[PDB]
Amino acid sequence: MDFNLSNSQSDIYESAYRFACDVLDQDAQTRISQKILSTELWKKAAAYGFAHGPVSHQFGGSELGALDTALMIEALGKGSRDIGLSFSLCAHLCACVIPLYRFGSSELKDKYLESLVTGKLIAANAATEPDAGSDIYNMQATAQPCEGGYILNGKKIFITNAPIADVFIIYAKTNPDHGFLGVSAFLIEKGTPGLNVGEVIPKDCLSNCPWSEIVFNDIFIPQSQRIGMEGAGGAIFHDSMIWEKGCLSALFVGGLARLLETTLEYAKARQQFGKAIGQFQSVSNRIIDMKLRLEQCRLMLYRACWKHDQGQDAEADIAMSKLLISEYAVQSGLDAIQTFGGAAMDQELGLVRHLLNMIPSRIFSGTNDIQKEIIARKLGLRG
């Protein structure tokens, strides 16, 4: 048992933190105010290494493990206020780069993977539908096999990066049943006939991270664009969620570390009744809760990633981490606001915007109720 980072891991974290502070956080307030996702800045961050993860050197990646990748993303979360951009970049990595690397043919990787790893192409992951969110195997988009490939029809919604993506990793039914083997994955390029990408739909949470719906009207998918085997898509989707749920969630751990530091500084500096407000137990009790949450969920995250790196079954640990991080991030957001009082209603300081940005952490990649269904199944309660 050892609770230190390796020297390599300390360097990865500190380098990522410096990049997030010195490059991404510069001029963040203007981009946030204007709801701008700068794709030039996104591509710099991708190329710096935030789009690399476990990808091999052959395709321009860094062969990072899960703990290394989570540490990099934790630094990003602590160092940059522009969490919309960071969420966009990490969704591309965890839900698009990594599945293509893990399941795509040599031909598909040779054509697209280095471009996705190095900041040349942006990808979006398209699985959720109007009638298939938590119940993702109810998806109704169909990739009907035909001569030469598939005919694709359907509608996908809530698709992060769709308005800016060059390629789409799309999940659709290649068989009528709701089984583990009815879903397949495909890579489709922007501009393919019949791919209709909707306009950006604004939101108040992660408000500069673009999403939209996409509609497939009789798209022809060439056989060679299928990712993995026929029917693998349920398993490919599942695997990609595991990566997203652990590593991507590290963003909110780093965000909580930044929030706690900001909150402690204010509670020491702001005086009422002749003393720092942190001297009143109502105030310090909440801040202590924020610190307890941060230490607990960080350790759970690190252990989940470490278990994956060891080749152990980490499915329940990752679901537990996802759940704790997101619940703790939202509640600590509210606790920080309450520490600042009326001063929390300053848009520049951004405490309310920070809370808005944490609200979706309990929803993306599977809600926290679905995390508990996963844990319940692993505990043997769904027999």
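Numbering starts at 1 and follows the sequence shown.
- Compared with the other entries of this protein, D177 is frequently left unbuilt, missing from a third or more of those that build its neighbours.
- Higher mean CA B-factor, judged across 354-362 and 37-45 from the recorded values: 37-45.
- Once the C-alpha B-factors are averaged per stretch, 286-294 and 110-118 rank with 110-118 first.
- Of the candidates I325, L64, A343, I318, the PDB record gives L64 the highest C-alpha temperature factor.
- Between the residues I169, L260, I221, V200, it is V200 that shows the highest Cα B-factor in the PDB record.
- When the CA B factors of the chain's modelled residues are split into thirds, the value for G246 lands in the highest one.
- Annotation for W306: CA B-factor lies in the middle third of the chain's modelled residues.
- Ranked by C-alpha B-factor against the other modelled residues of its chain, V183 falls in the highest third.
- The deposited CA B-factor of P193 belongs to the middle third of values across its chain.
- Among all modelled residues in this chain, the alpha-carbon of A235 has a temperature factor (C-alpha) in the highest third.
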